[PDB]
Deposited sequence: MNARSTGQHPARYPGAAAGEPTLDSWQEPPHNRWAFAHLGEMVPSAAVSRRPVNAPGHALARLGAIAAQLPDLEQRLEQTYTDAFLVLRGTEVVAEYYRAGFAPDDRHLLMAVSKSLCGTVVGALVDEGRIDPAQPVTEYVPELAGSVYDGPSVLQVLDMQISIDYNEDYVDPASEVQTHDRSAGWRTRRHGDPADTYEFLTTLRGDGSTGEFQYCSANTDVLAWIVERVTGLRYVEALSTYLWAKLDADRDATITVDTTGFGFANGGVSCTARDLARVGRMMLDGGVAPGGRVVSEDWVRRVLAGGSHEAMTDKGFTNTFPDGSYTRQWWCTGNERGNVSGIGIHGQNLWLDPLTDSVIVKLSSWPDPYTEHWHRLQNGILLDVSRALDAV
């Protein structure tokens, strides 16, 4: 048993509706207005073939930039300097206002929602996860603090290998509806989380996508809101975004917080703009100045033992669902597999969004190229 969860609609029974019940009352009043939450669905365009390249000023300093974007399978690229869009690129077949899957850049959005609730005093990071989700007793999340979840500092038997069919990541995907269920699989994400185990140690960085879904579960328990609604109320609805974002949901309606958000490049940049504005957005304060400052400051360097990340960023770290380079520019980034970045360059007051589709989830090859582009673009924004 995973305890109380936010109803899909007001008054809904646990787990209702399902794929087999949404046409029945009382579910159908909700389902007929939200069918994409139940059944895969395609857009029928209201609008009746070539890449759009407006790389602007930075083009002079980076003449081959468009080629480098093509080489890294770039779908959308946008640079916001201050409040101004100063460079844009969209591949052939991808419109400026099309949405793109964020993968684990989604985690940085979830951390932001958690931060908002910390500012309200509804979450204390020092408290154990079980203070908010008692049902995680007996799991690897029995003992660790919420901050250790936020900082990915829990040792977990979870193989985060995105191409291994035997890995826990694929079981995670199957539990959440990203892959086809196997017999005996957990029924939903909450159940999957309760199955996770570890040796009990904490304090060393281990990237684990399950951690973010635990954060989303905590958000639900503290607010009583579906994570989908909490993500809107505490973040998205304050951005003055052009479009709604979307998030994949599992069979209970639980949003896939660790990887399942999609949005436009321009709208994602608004999240970066909020961070560089000390936590304030057009619709109000999203998180405290202190929270933003702690993100920019980084996590414990000694906890960060990931050789791949530190080979590129020796003084790098991770905190509050953000990767921190610890480089001379103080760059921090949300990062997702296949080449998604929400990259912050505080020195130039700039945000870089890059949304891509590398053939591979993550290799040193793509990592080197991607970071080379983001760093070069950042430096191109420097006063000369």
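Colleague: Counting from 1 along the deposited sequence, which stretches were left out of the model?
Modeller: 1-4, 53-56 are the stretches of the deposited chain that have no C-alpha coordinates in the structure.
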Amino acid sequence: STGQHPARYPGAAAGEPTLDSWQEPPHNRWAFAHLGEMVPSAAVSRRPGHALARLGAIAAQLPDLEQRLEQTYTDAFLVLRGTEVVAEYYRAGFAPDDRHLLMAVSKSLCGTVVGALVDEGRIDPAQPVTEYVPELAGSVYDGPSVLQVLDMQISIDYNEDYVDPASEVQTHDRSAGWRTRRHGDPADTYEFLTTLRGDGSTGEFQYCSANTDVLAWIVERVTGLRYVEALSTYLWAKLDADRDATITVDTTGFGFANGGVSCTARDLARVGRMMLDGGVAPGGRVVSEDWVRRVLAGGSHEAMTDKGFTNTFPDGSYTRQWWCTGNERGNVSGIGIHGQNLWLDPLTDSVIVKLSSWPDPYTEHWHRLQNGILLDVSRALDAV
From here on, numbers count along this sequence of modelled residues.
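Colleague: Do the CA atoms of 325-333 or those of 57-65 have the higher mean B-factor in the entry?
Modeller: So the stretch with the higher mean C-alpha B-factor is 57-65.
Colleague: According to the deposited model, is the average Cα temperature factor higher in 259-267 or in 301-309?
Modeller: Averaging CA B-factors over each stretch, the winner is 301-309.
Colleague: For the CA B factor values reported in this entry, which option in 83, 112, 145, 175 has the top one?
Modeller: Comparing C-alpha B-factors across 83, 112, 145, 175, the top value belongs to 83.
Colleague: Among 200, 253, 272, 279, where is the Cα temperature factor highest, going by the PDB entry?
Modeller: In this record, 200 carries the highest C-alpha B-factor of the candidates.
Colleague: Relative to the other modelled residues of the same chain, rank the CA B-factor of residue 316 and answer lowest, middle or highest third.
Modeller: It falls in the middle third of the chain.
Colleague: Which third, lowest, middle or highest, does the CA B-factor of residue 339 fall in along this chain?
Modeller: Ranked within chain, residue 339 CA B lands in the lowest tercile.
Colleague: Divide the modelled residues of the chain into thirds by Cα B-factor and specify which third, lowest, middle or highest, holds residue 98.
Modeller: Middle third, going by the recorded CA B-factors of the chain.
Colleague: For the chain shown, is the CA B-factor of residue 130 in the lowest, middle or highest third of its modelled residues?
Modeller: For residue 130, whose C-alpha B-factor we compare with every modelled residue in the chain, the answer is the highest third.
Colleague: Lowest, middle or highest third of the chain for the C-alpha temperature factor of residue 217?
Modeller: Residue 217: CA B-factor falls in the lowest third of its chain.
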